[PDB]
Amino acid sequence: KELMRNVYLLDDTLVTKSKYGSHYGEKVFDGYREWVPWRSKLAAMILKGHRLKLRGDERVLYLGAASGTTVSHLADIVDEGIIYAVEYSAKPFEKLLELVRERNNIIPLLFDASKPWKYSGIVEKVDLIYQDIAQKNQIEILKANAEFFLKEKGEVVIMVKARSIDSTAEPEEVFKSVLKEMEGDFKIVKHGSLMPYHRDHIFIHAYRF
């Protein structure tokens, strides 16, 4: 089947149409890279059902590039767009540069995402802000980052780790609150936990009118 831009289900392995190497999982066969849903809160969202429509000509702002695994795929999806990946920890970042080196559509921003104004003169108006940051003020960083660059009628996907926000409070009530707190700026499109793949996260798709 075909669910996304360059997203298919070879036999039963989620993969993206690419002509690039294995950044993490040597899962690369004839023009496709296996997207390990166990190493990507995104490949998981896709499998959980809800997907993301979008043309390759997209301007992406990724908040939490990390080592660059979930990123490396988005780069295959948006092959005719550009990715401004931000990550502030050098450890993982060291591994990130290897991706941006191999690929030519990812822009490295080694700055603190917590304060967008700091790099506000680099990021253009983006069509979507993907966030996979695990910190207490998650929704804040996702909000302020939207103000600055999320072009009106743009969409965002944000991964959330209940505990990241509330140390001791039922994942349900934490997800109950956060969704409400984030509603005030975005319009919900879907939320759903990645239960098998990530027993603590839940994806929220939305956009600001």
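The numbering used is simple: start at 1 and walk along the sequence shown.
*Asks:* Quick one: higher average CA temperature factor, 107-115 or 133-141?
*Replies:* On average, C-alpha B-factors are higher across 133-141.
*Asks:* Mind pulling up the entry and telling me whether 123-131 or 92-100 has the higher mean Cα temperature factor?
*Replies:* That would be 123-131.
*Asks:* For the listed residues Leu179, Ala66, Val157, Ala162, which one has the largest C-alpha B-factor as given in the deposited model?
*Replies:* Checking the PDB record, the top C-alpha B-factor among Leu179, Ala66, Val157, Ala162 is at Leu179.
*Asks:* For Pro37, return the chain-relative third of its C-alpha B-factor as stated in the PDB record: lowest, middle or highest.
*Replies:* Tercile = lowest for this residue's CA B-factor.
*Asks:* By its CA B factor, does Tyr62 count among the lowest, middle or highest third of the modelled residues in the chain?
*Replies:* For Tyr62, the deposited C-alpha B-factor lands in the lowest third.
*Asks:* Select lowest, middle or highest to describe the third in which the CA B-factor of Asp76 falls within its chain in this entry.
*Replies:* According to the entry, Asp76 has a C-alpha B-factor in the chain's middle third.
*Asks:* Taking the values exactly as deposited, rank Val174 by C-alpha B-factor within its chain and report the matching third: lowest, middle or highest.
*Replies:* It belongs to the highest third of the chain when residues are ordered by C-alpha B-factor.
*Asks:* Taking the chain's C-alpha temperature factors as the reference, tell me which third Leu150 falls into: lowest, middle or highest.
*Replies:* Answer is middle: the recorded C-alpha B-factor places it there.
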